[PDB]
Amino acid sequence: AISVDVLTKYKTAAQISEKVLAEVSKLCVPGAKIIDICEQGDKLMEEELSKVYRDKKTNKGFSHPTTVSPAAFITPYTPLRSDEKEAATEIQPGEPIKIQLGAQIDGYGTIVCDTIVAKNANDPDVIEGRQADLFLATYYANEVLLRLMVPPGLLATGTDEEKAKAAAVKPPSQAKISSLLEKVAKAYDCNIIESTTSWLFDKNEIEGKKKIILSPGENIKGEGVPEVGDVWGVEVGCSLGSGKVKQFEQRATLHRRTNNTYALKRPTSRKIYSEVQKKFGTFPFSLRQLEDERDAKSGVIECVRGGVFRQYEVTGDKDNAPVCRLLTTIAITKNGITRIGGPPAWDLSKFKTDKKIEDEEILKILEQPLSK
C-alpha cells in the first residue's frame, strides 16, 4: 500500500500540474508563439511550487517542462529562444495541440498531457470530421488501457466462485493489450502511435522498472505488470496516419539526467551537468530552461554522447498527419485505479461522427469499473 505521505506528495504535484495545465491551455490560442507559452507555463510552475512545502528543505521541482506540440509533433516540443525560426512558431487554428507538463514533490512526480483544439474563446466547441475520430480513438484507447491495468480480480463482483475465477486470470500480455488498443483506434480508422510507452514511477523516477509499450512492432517490447502499490504515467497516442514515427529536424531540447557515472572532460559539460543535477535531479527538462543557451548547446553534446543525459529526439508522424495524446498519472490501490493527475474529462457531446466501437470484447471491457 502507498503511504499517506507518498500519496499526498503525488497529489500535491497533481494539483499543481493540473492547475498549470489549465492556465497553459488558455494561452494556446491561434497566433500565440509556442516559446512564450512554454516560458509562461514554466514560470507558473515555479510560482505554484514556491507556494507549497515551504517549511523545511523539502526537494521539489518540475517532473516535466511545459511543452506545446503542434499537429504532427510526437516528442513534446519546447524550443530554444535563440533558434530564431523555431522560437517564432505560432499556434495554428484548429490544430490538435499536445500540452504535457508536470510537477514533482520530494521525488514524486505527476506528468499530465491533454490534447486541445487550438481556437479562440468564442469559436464553436464542436469537433467534427476525421478530427472527431482522432480524438475519440485516443479517448477510448485511454479508457480501455486504464481498465486493462486493473490487476485481475481486484474489482470482481458476484459469487465467490466468479471472484476466484477473475483473480486467477493472468494479466493480459502486452501483445494482447496492443491488439485491443489497435482495435479501438481502427473503429475510428485511426492508428495507435508506435511504441507509445507507459512507465512505472517511483521516487526520483519517471521511467521505472516496469513499462508497457503499445504496438512495439519489431525488436522492442515492454516488460512488467501493474500491481497494487504502483504509480504509473499512463500514455496513449493516436494518429490520423499510419501511427508510424519518424525523426524530424527541430533541435532536441528535451533531456534528463541518467544515473551513469561517465566522467565529463569538458568544463561546460560539467557546468551544465551540475546546474541540472541541482535544479532537476533526474527529471526531464528543456534546454531552454537552463541559465544560458550557449552553455546549454555546448555542454549538452558531451553529456549525451557520454550517456549521462538522455536525449529525447524530435519525432513526429511519419505521414505528417495529426496526432492526439493523453497522459495520466495513476495510483493503483486496494480499491483499483485512481487518476491522481491528468487532463480534464472530455465532453463527449462535442464530438460529431458516425463511427462507433462495435467490437463486443472492447465494449465489455469499457463496462468494467476503474475503481470501487
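Sequential numbering from 1, following the sequence displayed.
Two stretches are in play, 215 to 223 and 126 to 134, and the higher mean C-alpha B-factor belongs to 215 to 223.
For the pair 319 to 327 and 337 to 345, the record assigns the higher mean C-alpha temperature factor to 337 to 345. When the C-alpha B factors of 147, 288, 163, 210 are read from the deposited coordinates, the top value falls at 163. Per the PDB entry, 84 shows the highest C-alpha temperature factor of the residues 84, 230, 205, 106. In the deposited entry, the Cα temperature factor of residue 292 sits in the top third of values across the chain's modelled residues. For residue 284, the recorded CA B-factor ranks within the lowest third of the chain. Only modelled residues enter the ranking.
Among the modelled residues of the chain, residue 304 sits in the lowest third by CA temperature factor in this PDB entry.
Residue 311 sits in the middle third of its chain by CA B factor, as recorded in the PDB entry. For residue 151, the recorded CA B-factor ranks within the middle third of the chain. Only modelled residues enter the ranking.
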